[PDB]
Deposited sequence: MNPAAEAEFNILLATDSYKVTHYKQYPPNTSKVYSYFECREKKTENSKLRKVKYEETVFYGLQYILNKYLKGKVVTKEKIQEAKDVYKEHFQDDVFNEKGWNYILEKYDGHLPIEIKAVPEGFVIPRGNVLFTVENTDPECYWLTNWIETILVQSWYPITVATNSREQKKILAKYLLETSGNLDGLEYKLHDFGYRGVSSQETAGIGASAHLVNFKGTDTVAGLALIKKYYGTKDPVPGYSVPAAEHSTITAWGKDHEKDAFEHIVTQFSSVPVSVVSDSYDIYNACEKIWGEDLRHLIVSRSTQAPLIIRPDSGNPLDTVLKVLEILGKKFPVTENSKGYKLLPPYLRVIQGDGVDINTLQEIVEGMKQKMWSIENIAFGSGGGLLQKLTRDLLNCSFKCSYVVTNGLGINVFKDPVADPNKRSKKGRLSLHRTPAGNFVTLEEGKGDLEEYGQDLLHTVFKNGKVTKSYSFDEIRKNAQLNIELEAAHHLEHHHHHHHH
């Protein structure tokens, strides 16, 4: 069972003895620190609040286990038994903490306050930063959601340019990252973040997370289609690739089906097997059930362009109203190897240069989508900005001489609309001057209870692209 007393960085165990004497309040905030990715999608805090922070999170047993662990971990007794006991006895194990946050799904420019944390009991001044570690892990769903949205922006731009519309945009980037992430828990979190922007996923773990913690009107938030892997093609034997292909597309004759085609020779597979030997099985398929040919190796751009040129000569190509080439509706391509935000851009631009519509292709991404990201990408960071000691509030901050990029904000913070309709973060309690209207943060957690929640449908709406929003 999860124990919040054992879910912090070790050194934080010793912090209650390092704050100024008579400190009654510690107030801290989270931002994606300023100075690509000029704006971030705020998503994932609600998961952490519900799974880890709400309700009775302290018991006599959890206190004793933490005590015994830290005794050996530090080779000394430095653990704050009395402080944790106080929470157990006074509040029945419910955290005396208030957290305020921007609504989930909101798209906010870098350098803005996203959430704030403070203790609501003066005895629990040390509690605010004890929970830094688990709250800061929100960097991950934020970063996945943000990077996934940036890829949607690229896809939207080129789909609109080459086709005249955005039909099917939300299925253009499929999550293939289940095997390439660091754990089962990470898989569920990351896949959910991607589903903020898209509807295609093979990372099943994401579905149950959204259903439990966020909720959608629809039965599931994400979808998949039948698809082969190398084992189901190569198992037939090297001389029987065609037999495998025929069996698979015949088994899945009335639903869309993806078939990895590069086991031995992608170009032969496209031109001779699909393009000649099995062509009669492809041209008979329905628009609702296309064959989706999947290259999976080689230079991504070069391979996509050559696959398209091959198919364009074996199948009847049309020219859409924008002047771009379009495969028949029973035949599509998915590129699911080497795809990240950089190569995605290079592929779609290269397709556009060669007059291929983005209608023809979809992308899959695994490691690039869910694993190749760090806290450093958006500079997600939690810092103390305000304390009260001897009854006096002081504005605190760090400001390292050799890195102005690491300077933190001062004092009590609030988030506001500017006269032009943008975001601004006010420091030093200046929000109380009321020159900038109401604070846009909401209390989302207070004294062990979740006080404000968002459905996954609301989050998706908040996270929409401006291009989509242009009705």
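Comparing the deposited sequence with the modelled residues shows gaps at 1-7, 43-52, 489-501, with numbering starting at 1.
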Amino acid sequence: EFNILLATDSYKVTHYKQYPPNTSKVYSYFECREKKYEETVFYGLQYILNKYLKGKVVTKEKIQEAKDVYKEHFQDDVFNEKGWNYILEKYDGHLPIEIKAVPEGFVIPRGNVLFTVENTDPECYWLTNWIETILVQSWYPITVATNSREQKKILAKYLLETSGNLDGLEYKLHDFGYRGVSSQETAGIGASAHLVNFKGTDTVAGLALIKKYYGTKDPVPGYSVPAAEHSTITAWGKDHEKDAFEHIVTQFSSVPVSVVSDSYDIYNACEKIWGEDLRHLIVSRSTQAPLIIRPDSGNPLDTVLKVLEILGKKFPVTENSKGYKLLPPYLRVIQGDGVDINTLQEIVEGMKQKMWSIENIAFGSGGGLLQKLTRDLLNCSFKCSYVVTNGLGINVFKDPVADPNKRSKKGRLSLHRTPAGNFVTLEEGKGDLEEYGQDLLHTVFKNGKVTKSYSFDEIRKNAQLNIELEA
From here on, numbers count along this sequence of modelled residues.
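Among other compared entries that model residues flanking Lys51, every one gives it coordinates, keeping it clear of the one-third cutoff. In every other compared PDB entry of this protein that covers both flanking sides, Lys62 is modelled, so it falls short of the one-third threshold for missing coordinates.
Stretches 52-60 and 442-450 differ in mean C-alpha B factor, with the higher average recorded for 52-60. The PDB entry reports B-factors from which the mean C-alpha value can be compared for 433-441 and 413-421; the larger average falls on 433-441. Which of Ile97, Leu173, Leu392, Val259 has the largest Cα B-factor in the deposited entry comes down to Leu392. When the C-alpha B-factors of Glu89, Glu359, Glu349, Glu161 are ranked from the entry, the top spot goes to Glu89. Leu207 sits in the highest third of its chain by CA B factor, as recorded in the PDB entry.
Looking at the C-alpha B-factors along this chain, the one for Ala193 belongs to the lowest third.
When the CA B factors of the chain's modelled residues are split into thirds, the value for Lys461 lands in the lowest one.
Among the modelled residues of its chain, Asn22 has a C-alpha B-factor that falls in the highest third according to the deposited record. Among the modelled residues of its chain, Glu118 has a C-alpha B-factor that falls in the middle third according to the deposited record.
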